[PDB]
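S.K.: upload37.cif is the file, holding mmCIF, C-alpha atoms:
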```
data_work
#
loop_
_atom_site.label_atom_id
_atom_site.label_comp_id
_atom_site.auth_asym_id
_atom_site.auth_seq_id
_atom_site.Cartn_x
_atom_site.Cartn_y
_atom_site.Cartn_z
CA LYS A 2 62.92 -59.79 -66.69
CA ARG A 3 59.20 -60.27 -67.19
CA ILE A 4 56.21 -60.41 -64.98
CA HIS A 5 52.82 -61.51 -66.04
CA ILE A 6 49.51 -60.42 -64.69
CA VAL A 7 46.12 -61.99 -65.28
CA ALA A 8 42.89 -60.28 -64.18
CA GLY A 9 39.20 -61.03 -64.45
CA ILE A 10 35.93 -59.45 -65.46
CA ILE A 11 33.71 -61.53 -63.29
CA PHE A 12 30.28 -61.55 -64.86
CA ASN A 13 26.94 -62.53 -63.42
CA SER A 14 24.56 -64.77 -65.31
CA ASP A 15 22.81 -61.88 -67.12
CA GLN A 16 26.16 -60.25 -67.81
CA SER A 17 24.70 -57.04 -66.44
CA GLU A 18 27.02 -56.81 -63.42
CA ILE A 19 30.62 -57.44 -62.61
CA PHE A 20 32.42 -58.22 -59.31
CA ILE A 21 35.16 -55.74 -58.56
CA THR A 22 37.46 -55.31 -55.54
CA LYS A 23 39.39 -52.78 -53.51
CA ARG A 24 42.41 -53.72 -51.42
CA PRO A 25 42.95 -52.37 -47.92
CA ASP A 26 44.68 -49.07 -48.89
CA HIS A 27 47.94 -51.00 -48.14
CA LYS A 30 49.49 -48.08 -51.64
CA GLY A 31 47.03 -46.33 -53.91
CA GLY A 32 43.25 -46.27 -53.61
CA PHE A 33 41.25 -47.89 -56.39
CA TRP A 34 38.94 -50.57 -57.62
CA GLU A 35 40.24 -53.30 -59.90
CA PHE A 36 39.44 -56.49 -61.83
CA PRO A 37 40.65 -59.23 -59.51
CA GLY A 38 43.87 -61.06 -60.42
CA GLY A 39 47.50 -61.92 -59.69
CA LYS A 40 50.85 -63.14 -61.03
CA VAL A 41 51.22 -66.18 -63.17
CA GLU A 42 53.73 -68.63 -61.75
CA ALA A 43 56.49 -70.43 -63.59
CA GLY A 44 54.74 -73.80 -63.74
CA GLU A 45 51.38 -72.60 -64.95
CA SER A 46 49.61 -71.18 -67.97
CA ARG A 47 47.78 -67.84 -67.90
CA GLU A 48 44.48 -69.57 -67.73
CA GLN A 49 45.73 -71.74 -64.86
CA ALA A 50 46.95 -68.74 -62.93
CA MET A 51 43.73 -66.85 -63.29
CA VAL A 52 41.58 -69.81 -62.17
CA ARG A 53 43.79 -70.33 -59.11
CA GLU A 54 43.91 -66.62 -58.33
CA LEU A 55 40.16 -66.28 -58.34
CA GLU A 56 40.09 -69.10 -55.83
CA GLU A 57 42.52 -67.37 -53.47
CA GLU A 58 41.15 -63.87 -54.06
CA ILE A 59 37.47 -64.28 -54.23
CA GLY A 60 36.30 -67.79 -53.41
CA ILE A 61 35.08 -68.97 -56.84
CA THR A 62 35.91 -71.94 -59.06
CA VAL A 63 36.14 -70.75 -62.60
CA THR A 64 34.53 -73.01 -65.18
CA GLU A 65 34.24 -70.75 -68.18
CA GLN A 66 36.57 -67.95 -69.24
CA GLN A 67 37.83 -66.40 -72.44
CA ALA A 68 40.67 -64.03 -73.27
CA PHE A 69 39.19 -60.49 -73.46
CA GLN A 70 42.09 -58.11 -74.01
CA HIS A 71 45.88 -58.04 -73.57
CA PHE A 72 48.03 -54.99 -72.72
CA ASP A 73 51.81 -54.51 -72.73
CA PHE A 74 53.90 -51.94 -70.90
CA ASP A 75 57.59 -51.04 -70.91
CA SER A 80 58.55 -55.41 -68.87
CA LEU A 81 54.98 -55.88 -67.93
CA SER A 82 52.33 -58.27 -69.44
CA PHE A 83 48.62 -57.90 -68.79
CA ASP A 84 45.99 -60.41 -69.82
CA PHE A 85 42.34 -59.71 -68.99
CA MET A 86 39.78 -62.36 -69.22
CA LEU A 87 36.14 -62.71 -69.17
CA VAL A 88 34.72 -64.93 -66.48
CA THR A 89 31.23 -66.07 -67.37
CA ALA A 90 30.70 -69.15 -65.29
CA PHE A 91 32.00 -70.23 -61.94
CA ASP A 92 31.05 -72.18 -58.86
CA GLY A 93 30.97 -70.59 -55.42
CA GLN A 94 29.81 -67.03 -55.05
CA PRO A 95 32.53 -64.28 -54.96
CA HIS A 96 33.48 -62.47 -51.70
CA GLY A 97 36.50 -60.54 -50.44
CA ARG A 98 38.43 -63.53 -49.20
CA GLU A 99 41.67 -61.65 -48.62
CA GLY A 100 40.27 -58.77 -46.66
CA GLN A 101 39.32 -56.64 -49.66
CA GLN A 102 36.24 -54.74 -50.56
CA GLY A 103 34.08 -56.45 -53.16
CA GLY A 104 31.24 -54.78 -55.13
CA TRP A 105 28.74 -56.27 -57.46
CA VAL A 106 28.45 -53.32 -59.79
CA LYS A 107 26.04 -52.63 -62.54
CA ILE A 108 27.93 -52.25 -65.86
CA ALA A 109 25.95 -49.09 -66.36
CA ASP A 110 27.51 -47.85 -63.21
CA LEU A 111 31.13 -48.96 -63.77
CA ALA A 112 32.09 -45.54 -64.98
CA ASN A 113 31.14 -44.37 -61.40
CA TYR A 114 34.28 -45.95 -59.75
CA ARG A 115 37.96 -45.06 -59.62
CA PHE A 116 40.26 -47.43 -61.39
CA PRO A 117 44.03 -47.20 -61.92
CA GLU A 118 44.87 -45.98 -65.40
CA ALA A 119 46.00 -49.50 -66.36
CA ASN A 120 42.40 -50.77 -66.21
CA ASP A 121 40.69 -47.80 -67.89
CA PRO A 122 40.74 -49.20 -71.42
CA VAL A 123 39.43 -52.49 -70.04
CA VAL A 124 36.64 -50.70 -68.09
CA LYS A 125 35.65 -48.98 -71.27
CA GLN A 126 35.79 -52.20 -73.30
CA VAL A 127 33.43 -53.88 -70.84
CA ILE A 128 31.11 -50.90 -71.03
CA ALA A 129 31.28 -50.79 -74.85
CA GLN A 130 30.58 -54.54 -75.00
CA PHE A 131 27.55 -53.60 -72.78
#
```
Hey, can you dump this file as structure tokens for me?

M.R.:
Amino acid sequence: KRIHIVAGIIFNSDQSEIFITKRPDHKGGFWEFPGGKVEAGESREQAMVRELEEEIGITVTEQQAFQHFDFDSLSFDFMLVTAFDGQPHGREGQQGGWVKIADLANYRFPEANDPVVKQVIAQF
């Protein structure tokens, strides 16, 4: 049985910074691209837009698939979020950082996100 995860690289207007979040150490301890599970009556894109509402307070208006990752069954779709309304905040009690792309390397991410962290960095 499958589960499907969407997650977001939330970009500022210059695309020099991304918004990144850390959950109350529920059970690990790491920063992550905000997201959640896609529900049975919605598309990926739909789920991500909704999730960034719940998670972070923004209304997504522009996004684009960035990278997909599969694991043995577990489906991960990362998108680019380039325009939104609202300004993002930790709406669910999490830590939120606006972090210079330069500096992204500086933070601890679960291994799942590492290739995405590096792709963001490579795509300056």

S.K.: So what do you get for atom CA of residue A:127 versus atom CA of residue A:98, distance-wise?

M.R.: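 Atom CA of residue A:98 lies 24.2 Å from atom CA of residue A:127.
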
S.K.: Would you mind listing what lies within 9 Å of stretch 86-89 of chain A as a PDB file with C-alpha atoms, in the frame of the given file, with all atoms listed in the file counted and same-chain residues fewer than 3 positions away left out?

M.R.:
```pdb
ATOM      1  CA  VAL A   7      46.120 -61.990 -65.280  1.00  0.00           C
ATOM      2  CA  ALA A   8      42.890 -60.280 -64.180  1.00  0.00           C
ATOM      3  CA  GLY A   9      39.200 -61.030 -64.450  1.00  0.00           C
ATOM      4  CA  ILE A  10      35.930 -59.450 -65.460  1.00  0.00           C
ATOM      5  CA  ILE A  11      33.710 -61.530 -63.290  1.00  0.00           C
ATOM      6  CA  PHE A  12      30.280 -61.550 -64.860  1.00  0.00           C
ATOM      7  CA  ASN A  13      26.940 -62.530 -63.420  1.00  0.00           C
ATOM      8  CA  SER A  14      24.560 -64.770 -65.310  1.00  0.00           C
ATOM      9  CA  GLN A  16      26.160 -60.250 -67.810  1.00  0.00           C
ATOM     10  CA  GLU A  48      44.480 -69.570 -67.730  1.00  0.00           C
ATOM     11  CA  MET A  51      43.730 -66.850 -63.290  1.00  0.00           C
ATOM     12  CA  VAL A  63      36.140 -70.750 -62.600  1.00  0.00           C
ATOM     13  CA  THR A  64      34.530 -73.010 -65.180  1.00  0.00           C
ATOM     14  CA  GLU A  65      34.240 -70.750 -68.180  1.00  0.00           C
ATOM     15  CA  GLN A  66      36.570 -67.950 -69.240  1.00  0.00           C
ATOM     16  CA  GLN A  67      37.830 -66.400 -72.440  1.00  0.00           C
ATOM     17  CA  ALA A  68      40.670 -64.030 -73.270  1.00  0.00           C
ATOM     18  CA  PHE A  69      39.190 -60.490 -73.460  1.00  0.00           C
ATOM     19  CA  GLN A  70      42.090 -58.110 -74.010  1.00  0.00           C
ATOM     20  CA  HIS A  71      45.880 -58.040 -73.570  1.00  0.00           C
TER      21      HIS A  71
END
```

S.K.: Using all atoms listed in the file, find the one residue out of A:110, A:99, A:56, A:121 that sits nearest to residue A:24.

M.R.: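 Looking at the shortest contact to residue A:24, the residue is A:99.
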
S.K.: Once the PyMOL selection byres ((chain A and resi 40) around 10) has been evaluated on this model, what residues remain selected, and can you format them as a PyMOL selection string?

M.R.: chain A and resi 4-8+38-39+41-43+47+50-51+54+82-83

S.K.: Any chance you can output those residues with C-alpha atoms as an mmCIF file, in the coordinates of the input?

M.R.:
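File written: selection.cif
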```cif
data_model
loop_
_atom_site.group_PDB
_atom_site.id
_atom_site.type_symbol
_atom_site.label_atom_id
_atom_site.label_comp_id
_atom_site.auth_asym_id
_atom_site.auth_seq_id
_atom_site.Cartn_x
_atom_site.Cartn_y
_atom_site.Cartn_z
ATOM 1 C CA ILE A 4 56.210 -60.410 -64.980
ATOM 2 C CA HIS A 5 52.820 -61.510 -66.040
ATOM 3 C CA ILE A 6 49.510 -60.420 -64.690
ATOM 4 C CA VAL A 7 46.120 -61.990 -65.280
ATOM 5 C CA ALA A 8 42.890 -60.280 -64.180
ATOM 6 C CA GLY A 38 43.870 -61.060 -60.420
ATOM 7 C CA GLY A 39 47.500 -61.920 -59.690
ATOM 8 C CA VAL A 41 51.220 -66.180 -63.170
ATOM 9 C CA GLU A 42 53.730 -68.630 -61.750
ATOM 10 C CA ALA A 43 56.490 -70.430 -63.590
ATOM 11 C CA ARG A 47 47.780 -67.840 -67.900
ATOM 12 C CA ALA A 50 46.950 -68.740 -62.930
ATOM 13 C CA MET A 51 43.730 -66.850 -63.290
ATOM 14 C CA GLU A 54 43.910 -66.620 -58.330
ATOM 15 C CA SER A 82 52.330 -58.270 -69.440
ATOM 16 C CA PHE A 83 48.620 -57.900 -68.790
#
```

S.K.: Within 12 Å of residue A:102, counting all atoms listed in the file, which residues qualify if same-chain residues fewer than 2 places away don't, as a list in words?

M.R.: residues 20, 21, 22, 23, 24, 25, 26, 32, 33, 34, 35, 36, 37, 58, 59, 95, 96, 97, 98, 99, 100, 104 and 105 of chain A

S.K.: I need the residue nearest residue A:108 from this list: A:90, A:2, A:124, A:46. Use all atoms listed in the file for the distance.

M.R.: A:124

S.K.: What is the distance, in Å and to one decimal place, between atom CA of residue A:15 and atom CA of residue A:131?

M.R.: 11.1 Å

S.K.: Which residue out of A:62, A:85, A:101, A:18 has the minimum interatomic distance to residue A:126 when all atoms listed in the file are used?

M.R.: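 Under the stated criterion, the closest residue is A:85.
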
S.K.: So, counting only C-alpha atoms, which residue among A:128, A:19, A:61, A:55 is closest to residue A:94?

M.R.: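 Distance minimum relative to residue A:94 lands on A:61.
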
S.K.: Just give me the gap between atom CA of residue A:130 and atom CA of residue A:80 in Å, one decimal is fine.

M.R.: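 Atom CA of residue A:80 lies at a distance of 28.6 Å from atom CA of residue A:130.
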